[PDB]
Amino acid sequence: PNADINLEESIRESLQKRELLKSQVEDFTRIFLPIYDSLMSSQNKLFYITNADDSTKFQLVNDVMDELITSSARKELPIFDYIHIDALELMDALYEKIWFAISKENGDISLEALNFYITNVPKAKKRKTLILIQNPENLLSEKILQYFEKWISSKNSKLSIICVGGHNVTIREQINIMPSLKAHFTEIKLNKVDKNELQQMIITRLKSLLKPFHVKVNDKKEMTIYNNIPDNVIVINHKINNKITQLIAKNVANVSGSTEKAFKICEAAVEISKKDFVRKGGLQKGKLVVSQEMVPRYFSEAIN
């Protein structure tokens, strides 16, 4: 040995790397193609990129933009200005972001004038401007959708807008009643992780998370956790019923859509569940508590 290198493990590690890499070419192309047309054929669209459930998906999306901006410095695409906006900076607060995106401004922020500029100031008075709004979800509905319909359909605006968000975004409804938008609107759906495989990963990731822990009792009989022993420190078993993981795996899988998002949750459910055992003080509602049982409320708290 040597022997730290074998086929079976190398192949499997390699097949994964490959399946992953294929998935990112499929995702990159999905985003690139339609947006690239849009640009080439000087036209206005609203793209909604959905299923961007982890940071690696958002990284894909920023790479697709990097290429587009490159394809522009190469005359390969008509000149365009790009602006990225993280929607987690505050709602009225974004209008001045869209303004700034349109032109380098600064007074208040009249939706009325800002809208008049877009749709009325002449088209030869400005070039193509592409805005990417990251995580609109919340801050962005209803009126805004209408404004978008007017700005985008206008022949003076020269504006395409891209939104990127999770799956829990469903304006495919509100779009349908808006023909002048529906006509300029395309949904790009990224690769979904697959329910079964996903929940199986959470279950397995749960087992691994749930390992004994340690609490230290004081002269006050109070209980506290221990930095990973002394005589006044006891081991606690961390368990969860089988039939209940099944459920929690399913629901969390649903709420997550991404292995990355699920695992962050399990990790914190587990930290909460622990934090609770020490609350319970080893004695609760009559019977005494010697081990900790995982319950779904610990996950809801983890989520929010």
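Counting begins at 1, following the sequence as shown.
- Gap check for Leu111 to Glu112: zero deposited residues are absent from the model.
- Relative to one another, 136-144 and 157-165 have unequal mean CA B-factors, and 136-144 is the one with the higher figure.
- Within the selection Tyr82, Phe100, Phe185, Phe213, the deposited Cα B-factor values reach their highest point at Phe100.
- The PDB entry assigns its highest CA temperature factor, among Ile131, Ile234, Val121, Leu206, to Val121.
- In this PDB entry, the Cα temperature factor of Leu190 sits in the bottom third of its chain's modelled residues, the lowest group.
- When the CA B factors of the chain's modelled residues are split into thirds, the value for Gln16 lands in the middle one.
- Sort the modelled residues of the chain by CA B factor and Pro296 lands in the lowest third.
- Among the modelled residues of its chain, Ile202 has a C-alpha B-factor that falls in the lowest third, as given in the PDB entry.
- Sort the chain's modelled residues by C-alpha temperature factor and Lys22 lands in the lowest third, per the entry.
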